[PDB]
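First comes one chain, alone, set out as structure tokens in the form deposited in one PDB entry.
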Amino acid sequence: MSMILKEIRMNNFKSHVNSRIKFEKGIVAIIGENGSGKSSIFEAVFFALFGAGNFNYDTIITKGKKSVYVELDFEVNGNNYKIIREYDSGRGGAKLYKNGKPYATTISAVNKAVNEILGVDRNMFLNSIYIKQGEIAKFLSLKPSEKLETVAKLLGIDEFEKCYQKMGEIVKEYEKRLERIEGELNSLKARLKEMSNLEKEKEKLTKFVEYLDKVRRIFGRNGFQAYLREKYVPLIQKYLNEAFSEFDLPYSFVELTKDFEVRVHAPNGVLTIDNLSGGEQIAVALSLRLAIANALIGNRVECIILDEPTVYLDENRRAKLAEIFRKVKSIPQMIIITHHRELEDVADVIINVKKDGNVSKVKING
């Protein structure tokens, strides 16, 4: 389930000693000089949604201060939630309202409530709503085989591989111990009791080893991983094709393979993103990233946040992406953070951020 952001109030959150930003649907541009406090705005949003995870409040509390307060009004499934998360000199606290009425009141409940509502862990969610600095540029830069890799990372594949490997550890540990035992099996009372128990341990470990190995395969490449691929690929390919129509790409059919290779079927070829022209390469890259976000949540994303989406792009490409932005319609609320003033011409609502001597200020114009 995807949310639509509505409003946030913050107290002593890094450079935002006292800010109150209201978001609207359509295309919102958050324009402000580098370091003016743009990104903090969202860290606070995510702080409001999941709170501390054990991290250090020294990182979000305004330097000098010893208390921070974030209040976020968002919307999931039409229902309007207000979540407040505060911290005052050691004493934490959090509460969650639903359509005006109290719903959760303890840090523990609120966290549980929030995850019950969104339907995904903090990471899955974060990747379905937040696109990091110049990601679309870094992507076109990766070698083809690295473009597959980051799709898998975004889907949480590597997550399971990482576990496949930890299980591997345990397996081997139990195997070397089965060697350390087999050897030991090859005063007189205890020597015999120990011998029996060494046999006993042998029966115990050779049993767990088999288990682990099976559950190790499930974390592996053709276990749950393959399953996840088999589940997302189709969804991504469906949204990839919607995007191609939306951003008006001259191809009637885009395919995503299990390995996550984007294949664009054209007249005389079955090309890859790298075969596309810079203009189209940008379009496809956004399409893919927007698709993944859809796949991570199930349906279509409500709100998508693009942090400095035009960062490592030349002057000509920045312009193309700007035009591609103008095409977006299928995403109720797209938030664009940037220092490029031009992008304002692509927004329905603009929010200006300007640091005033280590104190972020927010004004609405355009």
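The first residue of the shown sequence is 1; numbering continues from there. So that the term is clear: the rigid core is the largest set of C-alpha atoms that superpose within 1.5 Å between two forms. Only residues modelled in both forms are compared.
According to the record, the deposited sequence contains 4 to 9 residues between residue 186 and residue 187 that were left without coordinates. Per the record, residue 53 and residue 54 are separated by 1 to 3 deposited residues that have no coordinates. Taking the mean C-alpha B-factor of each stretch as recorded, 357 to 365 and 3 to 11 are not equal, and the higher mean is that of 357 to 365. Stretches compared: 110 to 118, 189 to 197. Higher mean C-alpha B-factor in the entry: 189 to 197. Highest C-alpha temperature factor among 104, 155, 249, 131 per the entry: 104. Of the candidates 73, 255, 149, 179, the one whose C-alpha carries the top B factor in the deposited record is 179. Among the modelled residues of its chain, residue 60 has a C-alpha B-factor that falls in the highest third according to the deposited record. Among the modelled residues of the chain, residue 230 sits in the lowest third by CA temperature factor in this PDB entry. In the deposited entry, the Cα temperature factor of residue 92 places it in the highest third of its chain's modelled residues. The deposited CA B-factor of residue 211 belongs to the highest third of values across its chain. Annotation for residue 332: CA B-factor lies in the lowest third of the chain's modelled residues.
Below: the form deposited in another entry, not depicted.
Aligning the rigid core between this form and the one not shown and inspecting 89, 206, 105, 79, the C-alpha positions shift by 2 Å or more at one residue, which is 206. After superposing the rigid core, the C-alpha of residue 122 moves by less than 2 Å between this form and the one not shown. Distance between the C-alpha atoms of residue 159 and residue 308: longer in the other entry than here (change of 3 Å or more). Identified as moving between this form and the one not shown on the superposed core are the stretches 158 to 181, 201 to 222, each made of at least three consecutive residues whose Cα atoms shift by 2 Å or more.
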